[PDB]
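Examination of the molecular architecture
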Amino acid sequence: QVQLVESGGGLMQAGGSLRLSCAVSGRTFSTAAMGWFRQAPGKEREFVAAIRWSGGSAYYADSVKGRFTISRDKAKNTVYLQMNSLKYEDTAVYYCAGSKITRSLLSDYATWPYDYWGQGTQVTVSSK
Amino acid sequence: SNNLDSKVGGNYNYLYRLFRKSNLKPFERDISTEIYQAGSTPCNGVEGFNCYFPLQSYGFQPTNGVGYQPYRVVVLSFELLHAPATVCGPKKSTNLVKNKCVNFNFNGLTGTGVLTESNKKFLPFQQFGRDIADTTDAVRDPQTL
Amino acid sequence: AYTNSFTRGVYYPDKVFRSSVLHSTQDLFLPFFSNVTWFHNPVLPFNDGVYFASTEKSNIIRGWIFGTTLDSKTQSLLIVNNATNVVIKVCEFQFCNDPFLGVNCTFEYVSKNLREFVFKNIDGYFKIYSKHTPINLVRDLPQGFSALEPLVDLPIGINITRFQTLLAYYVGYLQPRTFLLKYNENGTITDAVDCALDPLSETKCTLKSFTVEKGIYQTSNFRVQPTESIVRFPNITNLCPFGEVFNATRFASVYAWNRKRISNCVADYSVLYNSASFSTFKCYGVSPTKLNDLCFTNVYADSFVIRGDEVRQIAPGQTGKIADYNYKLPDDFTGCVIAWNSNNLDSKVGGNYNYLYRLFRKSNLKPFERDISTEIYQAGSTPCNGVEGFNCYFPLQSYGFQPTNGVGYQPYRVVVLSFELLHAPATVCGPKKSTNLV
Amino acid sequence: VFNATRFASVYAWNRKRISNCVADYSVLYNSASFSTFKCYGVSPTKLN
Ligand SMILES: *[C@@H]1O[C@H](CO)[C@@H](O[C@@H]2O[C@H](CO)[C@@H](O)[C@H](O)[C@H]2NC(C)=O)[C@H](O)[C@H]1NC(C)=O
Ligand SMILES: *[C@@H]1O[C@H](CO)[C@@H](O[C@@H]2O[C@H](CO)[C@@H](O)[C@H](O)[C@H]2NC(C)=O)[C@H](O)[C@H]1NC(C)=O
Ligand SMILES: *[C@@H]1O[C@H](CO)[C@@H](O[C@@H]2O[C@H](CO)[C@@H](O)[C@H](O)[C@H]2NC(C)=O)[C@H](O)[C@H]1NC(C)=O
Ligand SMILES: *[C@@H]1O[C@H](CO)[C@@H](O)[C@H](O)[C@H]1NC(C)=O
Ligand SMILES: *[C@@H]1O[C@H](CO)[C@@H](O)[C@H](O)[C@H]1NC(C)=O
Ligand SMILES: *[C@@H]1O[C@H](CO)[C@@H](O)[C@H](O)[C@H]1NC(C)=O
Ligand SMILES: *[C@@H]1O[C@H](CO)[C@@H](O)[C@H](O)[C@H]1NC(C)=O
């Protein structure tokens, strides 16, 4: 029924850029919002970025503001994660996530549960 | 409608307008998704400080309280116009008795008399007959013709 | 192209069965021997009804369109018949310039040869009658009498003014004509008489018979109809000073109500009954619209101020303190009483007390009787002789008019126009334009 | 009847039968204490 297919990413140097995708098939999230999550080894999975599917207004975590850019396309049913200005601390497996819940506060999507998730994409930062 | 609109993990399809600039007028349906300007600064379609989404989800779970469990509400409003009134009640009928002085009430015409099996030949569209002096003497029974 | 509506378009006026009786009915019929426009498909008016006859061998015509604008701007009636079923819709359909057929809906229903139909809408009900008959002709309508039985009734309630056919047909228009119908033993309409076609038919109506015996019968009344409309008014160009009376800065106290004389002027009551600045506008013995068409010897303008619950008292035959001791209208009062809210002007922070009303008086006031004396009222036995105290009160009491007062307590400005036709030529006339005399 | 401390509810409306006395309705009619004083089938002034 519902599958989240991530593409792109991998290895990039410090200061470089990557752009991630997540194609959703068999479900639409018009009123809901989709989010991204990352899990560094030895640390819990954390919120990355969420964008309202219908409206396009985007909310970000504190450590990701100004370097990461999320965007979504309703027609293609794929959300993008423009990932610029790499830091070594970003090294983690990024997961595109989906939730069935509509929330007034776009910050609530960093704590509220997600019912759908991607396979996870490894992100590695290398120095020079 | 708890068993129907409440599911494990909650149901968040039903929403409600959380902020609005004015109280609604009778039968007023407002579906605008404008980001509410809570302050004086215009939002310009950007959520943020005093810029909040108008709609918020409902808490409908099986383990919720009765005050918060889902309820299905249907409001029926009766309208009178300058037009034919086309919604009515069933208007059940009674039995048919002949050769006895009864106070009958057919489709629209009422009277008192004895109903007897007549041999007049109405046309299929005709409902009741009249005498030479505009007095109704034959009626076609609405249920059996 | 026009033909002659010989004996066609007679439909059963009602669902009543009558046997061997001559019934006279007044309804919308197609007058006997009238001109019906012959067509081989424009949009035609729907004045009061339409008689439609369609001489066909291959079912060229299919349906009809009805409405007033018929461009998806309002509701419109649509009937289509496609080879097995008849469909009647009331959708606000997007009509083209020349709709046809090949070779916000509020109602939808689905069900050699001469096909006749009569369409009309009365009291909101759209009525259709029809009759199918065989013919052998190529030119015009057949000879004979045929009764159009009802088929379908639409409870649509639609304003309809224009209609159009869908694809040689005939179209005739109904007028309110009296008829006399011949019902046979089986209850079928076999003959009819157009009650105004010709003198012999009118005689048949009057006698309620088809065979009139030799003699002289008085059928109707001859009357020359008028040819011109003569209007003659005195040639005065002088608008009455209604502004001075209605737009006054201050009004008189209801017990000392002002009494304004209006004479020798042209009055424009259209300004009055078209304005939205008057709360109550009630006329006794005259109509609001007809005020401009009348000529009056004198008009009496009376202005005064009262509160909400006292507004209804200013009317003929009313009871209460105001209508009792301040301003009594005669029971046959002929004129209009006008009242509007004056809270904004007569209300000040804390309340206005400048306007008084009388509380006691020795007797009932006569119509149009004005007392303004400031005597002490003796409600008891001991004469006051100008001394107040017990059973000696001042008859007046100041109104309390506050901005926070109730709407029934808030001040109201009321004007009472008194109309008279006295022993004189009319002086106060309306804005009606006079014409030359014939 | 007019100045009683309490009035009964309409479903148990109180009834007082006035008889064997002389009634002065003038004090009732001239008082401005009543918002609705409508005599039916009779005239208030004629009551005396
Ligand atoms: C109304 O319904 C009744 C029964 O619900 C119909 O009565 C039947 O009519 C048919 C045909 O006339 C007969 O064959 C049956 O014997 C009747 N049944 C009974 C129990 O009497 C009646 O015809 C219906 N009328 C209309 C106008 O619909
Ligand atoms: C004539 O046109 C009408 C459409 O107005 C056809 O009615 C449809 O019939 C199908 C078949 O059952 C239904 O599924 C649709 O819902 C009907 N539409 C409406 C508006 O009633 C009708 O079938 C046509 N008849 C012929 C003989 O072609
Ligand atoms: C009313 O209709 C009936 C039926 O068509 C007519 O009666 C028929 O008359 C013929 C000739 O006498 C007979 O052969 C038929 O058997 C009759 N039918 C029935 C059902 O009785 C009658 O003549 C018609 N009356 C009028 C005034 O037209
Ligand atoms: C009626 O039709 C005839 C012939 O078609 C014509 O002579 C006559 O002028 C017509 N009258 C009107 C009022 O159209
Ligand atoms: C459809 O018709 C109704 C008739 O009451 C009207 O009120 C309504 O405005 C119409 N629909 C639209 C979209 O205007
Ligand atoms: C039909 O039109 C008239 C004016 O031409 C209007 O007064 C009337 O209300 C209309 N009918 C309906 C149902 O609105
Ligand atoms: C009184 O003045 C108002 C506006 O100043 C005007 O609309 C109104 O017509 C005036 N009254 C009359 C009787 O003309």
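Residues numbered from 1 in each chain as written, not as in the entry; some residues may be left out. Chains lettered and ligands numbered in written order. Part of a larger assembly, values for the part shown. Heavy atoms only, no water. Residues with missing side-chain atoms left out of burial classes, pairs and counts.

**What to know about the overall build of chain B**
Secondary structure summary: chain B contains one helix and eight strands in total. If you list the helices and strands of chain B from N to C, you get α-β-β-β-β-β-β-β-β. Here the C-alpha radius of gyration of chain B, 31 Å, is well above what a compact globule of 145 residues would show, namely 15 Å. The C-alpha extent of chain B, read off along each of the three principal axes, is 85 × 40 × 25 Å. For chain B, restricting intrachain contacts to residue pairs at least 6 apart in sequence, the fraction spanning at least 24 positions comes to 39%. (Helix = DSSP H or I, 4+ residues; strand = E, 2+ residues; numbered from the N terminus. Rg over C-alpha atoms; globule rule 2.2 N^0.38 Å. Contact = heavy atoms within 4.5 Å.)

**Things to note about the overall build of chain C**
A count of helical and extended segments in chain C gives five helices and 29 strands. Against the 2.2 N^0.38 benchmark of 22 Å for 438 residues, chain C shows a C-alpha radius of gyration of 34 Å, more extended than a compact globule. Principal-axis analysis of the C-alpha atoms places the extent of chain C at approximately 110 × 60 × 45 Å.

**Quick notes on the sheet that holds strand β1 (residues 3-7) of chain A**
Residue and element names in this part refer to chain A. Strand order in the open sheet made by the four strands is β1-β3-β8-β7, with antiparallel pairing throughout. With partners counted over all chains shown, the strands left at the sheet margins are β1 and β7 (68-73), one partner each. Each adjacent strand pair in this sheet contributes to an overall mean axis angle of 15 degrees, direction not counted. Alignment of β1 against strand β3 (residues 18-25), held across five bridges, turns out to be antiparallel. By the bridge assignment, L4 is partnered in β3 with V24. (Pairing = 2+ DSSP bridges. Axes fitted to C-alpha atoms, helices over the stretch in contact; angles between N-to-C directions.)

**Re the sheet that holds strand β18 (residues 189-194) of chain C**
Residue and element names in this part refer to chain C. If you trace the three strands from one edge of the open sheet to the other, you get β4-β17-β18, paired in antiparallel fashion. Two strands lie at the open edges of the sheet, namely β4 (21-29) and β18, each paired on one side alone. Going across the sheet, the axis of each strand differs from the next one's by a mean of 35 degrees, ignoring polarity. As defined by bridge partners, strand β17 (residues 175-183) adjoins β18 across five bridges and the pair is classed as antiparallel. Looking across to β18, one finds that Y183 is bridged to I189.

**With respect to the side chain of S21(A)**
Structurally, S21(A) is set in strand β3. On the basis of relative accessible area, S21(A) is assigned to the buried category, the value being 15%. (Buried < 20%, exposed > 50% of the residue type's maximum accessible area, 1.4 Å probe, protein only.)

**A short note on the UniProt feature "disulfide bond" in chain C**
Residues and elements named next belong to chain C. At 2.0 Å between sulfur atoms, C195 and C205 form the disulfide that UniProt records. One end of the pair, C195, is in the loop between β18 and α1 (199-207); the other, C205, is in helix α1, with ten residues separating them in the sequence. Residue classification places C195 among the buried residues on the basis of a relative accessible area of 16%. Between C384 and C392, where UniProt annotates a disulfide, the S-S separation is 2.0 Å; being under 2.5 Å, the link is counted as present. Like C384, the residue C392 is buried in the burial classification. (Disulfide = S-S within 2.5 Å. UniProt positions renumbered as here; feature names shortened; annotations may be inferred.)

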